[PDB]
Structures are given as C-alpha cells and as structure tokens.
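Just one chain follows, in the form deposited in one PDB entry, and it is written as structure tokens.
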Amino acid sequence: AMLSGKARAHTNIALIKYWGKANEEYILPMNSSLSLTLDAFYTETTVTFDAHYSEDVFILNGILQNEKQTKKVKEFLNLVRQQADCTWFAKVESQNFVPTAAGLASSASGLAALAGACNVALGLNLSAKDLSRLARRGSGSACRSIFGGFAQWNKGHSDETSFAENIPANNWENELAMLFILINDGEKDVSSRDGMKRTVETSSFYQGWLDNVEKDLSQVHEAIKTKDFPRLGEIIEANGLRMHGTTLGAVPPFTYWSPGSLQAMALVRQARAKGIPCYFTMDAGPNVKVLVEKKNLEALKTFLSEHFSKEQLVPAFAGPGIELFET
C-alpha cells in the first residue's frame, strides 16, 4: 500500500519580479511576473506515500531535515493529501542541483519538483495549468518552473485563475544567457516569504512598485516581439532595482544586498560602458545575475574575472519545463 512518483524541475529567474502576496494562504500575488527557466540549476525529487509510514520525512541533499526545516514541506503535503483524500504519511527525498535559500530560486525548482512528484504518485493527472496552480501553493515562483523558456505568472484573482503559462518568443530565449555572480551561496537571513510580507505590510515604497509592474510587463512583451535586447535589459534592470528599493522603506528597513552585490552591479555598468550589452538583476539574496546575449558571454566572463574567481561565474541558458517520472 504505497504510491510513488518522481519529478525534475528547473529553476527560473524572474525578469519582472513577484514581490508580495495578496492572499497568503493560497499564495495569490499582488502583481503578475515573468521569468526565464534556466538549464544550469534544478531539483530532483521523489515522494513515497505509504500506509506504513509513521510521520512525514523530508531528506534534502542526503540530510534529514529537522522539524523547522520540514514545516513547509509538511504544509504542502497536507494540501495535496486533502486534495486527494489521502491519509498516508510521506517520504520526500530531494536533491538540489542549486544552492539552497540563497536567492537562486531553490524554492521554485524545489516546490515545482515536489508538486510534480506528488501529482504522479497520487495519480492526479494535472494539466500543465493545474500543475502550475498546485506548485504555486508551495512557492509562488514554483508555478513558473512548470514551463520552459519564458513564462508569465498571471496574478489572476483566485486559486483557479492564478497560474503561469509559457510565452512563445520565436526561440529568442535560445539566443540568451544569464551569468551568475556568486557572492555568497549561504542561506539568507530573511526568507523571500518573510521579506516580501514585511514589504507589503509596512513599506512606504510598495505602492510605487505596484504602480509600475504592468508597464514593465508590457515593455518586456514588446521587446520580446521585436527581439530588442537593450530594451529588455533596461526594463528588467530597473524592475530589479525597484523591487529592492521597496525593502529600504519597510519598517524596520532591510536590504538583501551585500558589499559584493554592489561591486558586481557597478562592474556590469562598466561592462556596458566598454561595449558589452549586459544588464543585472537580483533576487532575495546577495548574488547578482547578468543577462547577456550568448555572443557576448565569454567576453563578459573575462571582464568579470578581473574581480571574481572562475568558480564565482556560473553560466546558464534557457531551460526546460518540468519532467515527470513513474517509479
């Protein structure tokens, strides 16, 4: 009496950021977002539900996770169990091919892969739409890792209408790269979930953020239609800076930046001045991600090596949607 399943999901990086929930229970976002799924980082997860298990068990990178580290996996497992009317405890075993809790979207690949493995094991036969919707309840960003290439999370207005979808771009995404500047792969002080909740509830800058998201999304859609890389870059760099500005208006204010983050952003501006078209974005952590055309990637790498070791510069290209597996 056991049910099992397996999934691989890749990370994605938001070009237009999700920042702040309109509904915390269902993870419905205050604004829509738009991401690129990436080939270099991903999560592989298997789940076993079994009538003979005595408790939920979560093993991550071969390490048993403690109660605090398992509380959220357990919340997700409770959701999918009530959805299927399944009364069995489960065993989640996951491997992160990505640093955990470092602002590199391990929650997106991780909860997408768990949603996909649960969907298989409990035989939910979810459409891509509905798998995105379920992943969303584990981590907002996970609903976008269901898809490859460019994807857009439409905020919708309810559990039924908030989910992601692929953005066809005439394979423009295969002409692009994202170069990761790893400043610190440690676990962040302020989780994405806690930071954005603080911003929503207290930041005096949060209305400015919201007032600009839809304009940015449109500009990105028109730049994708016209394969305008500089215009894409200018929008997403400013969107990233705008999102991080909101945390300086929170009460108390905080920042995700470290000193190396600012050094890397200044260098990206220097690369641009010396003729390398490239543009930075950041997420909830100190690492800096640089959007650049494949043409210019080794150029950028060599420029950036003047201040960063080779191990600090990880390239990534467009990646695939979720892959489900029977076991």
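Definition used throughout: the rigid core is the maximal C-alpha set that superposes within 1.5 Å between two forms. Start at 1 with the first residue shown and count on from there.
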Of the other PDB entries for this protein whose models extend past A102 on both sides, does at least a third leave it without coordinates? yes
State whether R136, though modelled here, is left unmodelled in a third or more of the other entries compared. no
Higher-scoring stretch by recorded Cα B factor average, 46-54 or 271-279: 271-279
Taking the deposited Cα B-factors and averaging over 90-98 and over 133-141, the higher mean is found in 90-98
By the entry's C-alpha temperature factors, tell me which of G195, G245, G156, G103 sits highest. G156
So among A14, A22, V314, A9, who wins on Cα B-factor in the entry? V314
When the deposited Cα B-factors of this chain's modelled residues are ordered and cut into thirds, is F163 in the lowest, the middle or the highest one? middle
Third of the chain's Cα B-factor distribution that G149 belongs to, per the entry: highest
Sort the modelled residues of this chain by their C-alpha B factor and say whether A250 lands in the lowest, middle or highest third. lowest
Compare the C-alpha B factor of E201 with those of the other modelled residues in its chain, then answer lowest, middle or highest third. lowest
Within this chain, which third does the Cα B-factor at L124 fall in: lowest, middle or highest? highest
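Not pictured, yet referred to below: the form deposited in another entry.
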Entry of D185, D159, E165, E175 that shows, once the rigid core is matched between this form and the one not shown, a C-alpha shift of 2 Å or more: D185
Threshold 2 Å Cα movement between this form and the one not shown at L232, rigid core reference: no
Once both forms sit on the same rigid core, is the C-alpha displacement of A105 at or above 2 Å between this form and the one not shown? yes
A7 and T100: do their C-alpha atoms lie closer or farther in the other form than in the form you see, with a change of 3 Å or more? farther
Check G186 against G260 at the C-alpha atoms and report closer or farther in the other form, compared with the shown form; the change is 3 Å or more. closer
